[PDB]
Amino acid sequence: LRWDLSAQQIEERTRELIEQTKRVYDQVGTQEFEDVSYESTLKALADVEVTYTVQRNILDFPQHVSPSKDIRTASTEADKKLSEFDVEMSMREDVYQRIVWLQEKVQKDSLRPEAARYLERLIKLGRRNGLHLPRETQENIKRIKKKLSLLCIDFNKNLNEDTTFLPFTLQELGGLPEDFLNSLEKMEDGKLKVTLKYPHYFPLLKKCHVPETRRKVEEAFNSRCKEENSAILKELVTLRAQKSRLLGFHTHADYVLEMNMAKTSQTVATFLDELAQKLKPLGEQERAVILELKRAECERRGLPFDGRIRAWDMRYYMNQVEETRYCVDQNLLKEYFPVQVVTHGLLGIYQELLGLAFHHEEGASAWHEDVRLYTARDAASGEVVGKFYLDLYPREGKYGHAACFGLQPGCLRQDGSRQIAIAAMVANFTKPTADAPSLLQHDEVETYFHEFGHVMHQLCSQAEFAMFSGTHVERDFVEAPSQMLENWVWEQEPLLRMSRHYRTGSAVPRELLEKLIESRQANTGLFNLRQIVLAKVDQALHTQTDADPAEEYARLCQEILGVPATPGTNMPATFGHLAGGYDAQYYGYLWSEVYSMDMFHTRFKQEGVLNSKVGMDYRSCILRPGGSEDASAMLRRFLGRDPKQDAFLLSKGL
């Protein structure tokens, strides 16, 4: 890895990398049948993926962290050129022919398991790209893919470019903080301008006690680009269905799910239906609580009470439930979670769980002075497992959300020796200063624990092929290991290891810990039922022929969530995931979370949350394979059976 590359070197490095890499593909793509071999074909492609991946990451990473705008821009441009190149190589028919020939020449069961898996994946990826099909079919696929890309760009752009706003008086905005107010564009009419952007939308629906104001904003927000985007959505659905058939599948969902743990649309439907049925009674209880809060508040404020929970009441009363029903003094809690302490305790927990020791590399080279490099070594032999950087504080130009970026993949080099994985964890926790400690909210501690889990997956994986390194697993399983790990921030012992009053050094009071842990369940029934509605709409649009998005969403909202969609709106027309690469996979969020609880409850809760023996089995069964083993097989080995929804429901008190 190199971090001192200028904007010009990035530009130069990109052209060179592409030319050198393309060279290997050209060589593989022009081999005569007779010269096709495992070493000249499979190994050649596997080897170049290793050299290319390392270099590519060095070129596209700076855009997310470099303090230099010139470097960030060149990195972004390189990323685009490299991404185009990746697609270009994946569509190479000449190269695919040699891979198909190799598959023919390779004797049955002659290859090592991961090598066989790699070959099968290459064959599969080409077929999913339609390279084995007739020219007329491929031409149609190409034409449809082009239209789909443009439609998706417009769907998102329409939403992002929208500048709709609603004018409200200080009274109509009752409930909103002072800091919030004033920050609004005061109109020459006196009224304040409220936009539909998230920074304005969410706080308003959660804090504004004026019902008519919440109603107007909800209607507007869920009606953005209604006409144009509903039209684009209808075309996306039809075109995706046609492309999927041309590629050999009865529905787009089935095409998409072939590569996921869920495998088929049927499996997903049953999953969502059963989950909805099981959560129904919890939803009924939560709605009864919210309706009572609304009745009481309307009576208190002298407002009319319609006896029904409206879409614009949800976020408001769910927040009230959390504040008045669970009562967690977050301001007090924060004082026990200074970032330095959380970092130390968090690293300590992962060390013990995985049998590792982290070593700070003082003075190591980094893209920013606040960045810290650590070497993870085996706790008994001291042998290096991998390396990771921690870039935790905000700064101009830096990626705004917490994330794990794989930099160097753990895999085998051309000579057979293993190269260690190197990853970087990025977060944006306030940096501690002179007399201003950085106290973390519990959600930040949760995010921290979650993200570092991915770092450990990156480093502990021992795949031999780059394609299967680290977090390169099924999309509906990649989040499962980290969500399983989030459970630690809801357990007393682990929390105590990551906390300490920043000033007095006192431990978090057990009474406070109890309430905190209990607050985890707040509004969970309705939160999940809504996610199910979204997952079902996504599946319906990608399995149904002529289902109407708005109508399907409305029907599901009433039957599952118990809260009606506002007439005249069209939430699906604003549903960005439908045009952001999550098409047919939205259920993945619930899928990973549900099964992550089985992983946690079945093994860690029964054998010891801080037991290193269970931790080593987790490292061995779940992390070590990387993507060299199907998720279903890793889970079956870790759980001793196939996963179930039982643990998740039990955690909800069902």
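Just count from 1 along the sequence shown to find any residue number.
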query = If you average the CA temperature factors over each stretch, which comes out higher, 142-150 or 239-247?
reply = 142-150
note = When mean C-alpha B-factors in the record are compared for 480-488 and 569-577, the larger belongs to 569-577
task = Among the candidates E446, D109, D94, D583, give the one with the maximum CA B-factor reported in the record.
result = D109
Of the residues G363, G386, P409, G348, the one carrying the largest Cα B-factor as recorded = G363
remark   = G130: CA B-factor among chain residues, third -> lowest
inquiry  = Splitting the chain's C-alpha B-factors into thirds, which one does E593 fall into?
reply    = middle
note = By the entry's values, the third containing the CA B factor of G627 is the lowest
ask   = Lowest, middle or highest third: where is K197 by C-alpha B factor in its chain?
value = highest
ask   = Going by what the PDB entry lists, where does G382 fall on CA B-factor within its chain: lowest, middle or highest third?
value = lowest
